[PDB]
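S.K.: please find the sequence and an experimentally derived structure below.
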Amino acid sequence: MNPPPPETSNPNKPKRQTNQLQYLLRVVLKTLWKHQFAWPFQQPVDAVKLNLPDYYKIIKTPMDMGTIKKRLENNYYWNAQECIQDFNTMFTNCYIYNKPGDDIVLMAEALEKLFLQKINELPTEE
Ligand SMILES: CCc1c(C(=O)Nc2cccc(S(=O)(=O)N(CC)CC)c2)[nH]c(C)c1C(C)=O
């Protein structure tokens, strides 16, 4: 079965607005979200629906853009690096579970390339 999705709010953490965090939502996340190959990454992998019984045996740190989007909207992240790390985990999971040349791997590669193009212009830390 599926685990609960990653937490998207933290009642026990203070919250702040920053140019970097707002950029990660409105520019980085928004641009990847609208890419033709974003769809397999817009929500947690549903291993029951997809019939992938070993997915959560292999992937113990799941992550997806739907979670990242909610985390940004909810001010879950204090440091911009926390968000960048979540994107990295999402891509790395894909490379762990799947094989070279799989459709999903090509889709991750396109997204990851776009991600690097967008974080290139991340505002400086304040
Ligand atoms: C290859 C399986 C996979 C997906 C994926 O999402 N594939 C998917 C395929 C068909 C339907 C649905 S779906 O029914 O859940 N669906 C309707 C279209 C989405 C709304 C999802 N994502 C990742 C990161 C992986 C892996 C294993 O790395």
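M.R.: In hand now; what should we look at? Residues are numbered from 1 along each chain as shown.

S.K.: surely residue 44 and residue 61 touch.
M.R.: No. Using Cβ atoms under 8 Å, residue 44 is not in contact with residue 61, being 12.0 Å away. For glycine as for every other residue, the C-beta is placed from the backbone atoms N, C-alpha and C.

S.K.: so for these two, which sits in the more crowded spot?
M.R.: residue 44 (17 against 11; other Cβ atoms under 10 Å).

S.K.: where's that one relative to the ligand, distance?
M.R.: The gap separating residue 44 from the ligand is 9 Å, by Cβ to the nearest ligand atom, to the nearest Å.

S.K.: got the contact list for that residue?
M.R.: By Cβ atoms under 8 Å, 6 or more residues apart in numbering, the contact list for residue 44 reads 2, 5, 6, 62, 64, 66, 67.

S.K.: which residue packs closest to residue 75, ignoring adjacent ones?
M.R.: Counting by Cβ to Cβ, 6 or more residues apart in numbering, residue 15 is the residue found nearest to residue 75 once chain neighbours are left out, at 3.9 Å.

S.K.: I'd say that neighbour and residue 73 touch.
M.R.: No. Assessed by Cβ under 8 Å, residue 15 is found out of contact with residue 73, at 11.5 Å.

S.K.: which parts of this structure sit against the ligand?
M.R.: 39, 40, 41, 43, 45, 46, 49, 50, 94, 97, 98, 104 (Cβ under 6 Å from any ligand atom).
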